[PDB]
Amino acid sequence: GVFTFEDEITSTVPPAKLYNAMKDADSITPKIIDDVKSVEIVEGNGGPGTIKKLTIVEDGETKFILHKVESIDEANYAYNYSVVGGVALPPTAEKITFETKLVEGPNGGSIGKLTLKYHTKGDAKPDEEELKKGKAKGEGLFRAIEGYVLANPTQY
C-alpha cells in the first residue's frame, strides 16, 4: 500500500535559493549531517532516475543507503527522492518517498510542504515508530539545506 503524509513548514530563506540548494544536497549533506560521510552516483547524471549510494556511520558502524531521484520541478520548486535500499526499509517497506515543495512565504521566506510516501508490501500498514523516524529524517535534511544557505549567503 501507499500511505501519504504531509507536514507544512516554514523558512526565512526564499524559495528559489532553497530549491537551488536542494539540488546541491550531494555536496551539502555530508558537510552538515555528521553521520553522512559521502554520496556517490551509481547511475545517472543527477536528474530524475539517478541512483545514488550514500555512506553513513551509525553507532560507529559503516552503513549504506540507496536513493533514487524521482523528479525535480523548477516550476513548483519541487525536489523529490526515494529511499530504495538500506536501514530505513524493513521487510514490509518497499520504498519511502520524500517530497519537498516550496511556495513563497510572507516576508521574503518560504512555506514548505514535506510529503512522505511510505510504500508497503501487500496489506501491510506503516510502523508508527518508522513513520516517526521517516518524518524526522525528512525534516532534518531540509533544515540541513536551509542551515547551509543561511550560514553561506553568497553562494545562493
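Note that residue numbering follows the sequence shown and begins at 1. We call the rigid core whatever largest set of C-alpha positions still superposes within 1.5 Å between the two forms.
After a core fit, does 39-47 or 89-97 show the bigger CA gap to the shown form in 8 other deposited structures of this protein?
-> Between 89-97 and 39-47, the one lying farther away in 8 other deposited structures of this protein is 89-97.
With respect to the recorded C-alpha B factors, which stretch has the higher mean value, 98-106 or 64-72?
-> Between 64-72 and 98-106, it is 98-106 that shows the higher mean C-alpha B-factor.
In the PDB record, does 121-129 or 22-30 carry the higher mean Cα temperature factor?
-> Result: 121-129.
Taking the values straight from the PDB record, which of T115, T55, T50, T92 has the highest C-alpha temperature factor?
-> Highest C-alpha B-factor among the listed options: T92.
If you rank the chain by CA B-factor, which third does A88 end up in: lowest, middle or highest?
-> It falls in the middle third of the chain.
Record-listed C-alpha B factor of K137: chain third | It belongs to the middle third of the chain when residues are ordered by C-alpha B-factor.
If you rank the chain by CA B-factor, which third does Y81 end up in: lowest, middle or highest?
-> Tercile = lowest for this residue's CA B-factor.
Split the chain's modelled residues into thirds by Cα B-factor; is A16 in the lowest, middle or highest one?
-> As the PDB entry reports it, the C-alpha B-factor of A16 lands in the highest third of its chain.
If you rank the chain by CA B-factor, which third does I41 end up in: lowest, middle or highest?
-> For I41, whose C-alpha B-factor we compare with every modelled residue in the chain, the answer is the middle third.
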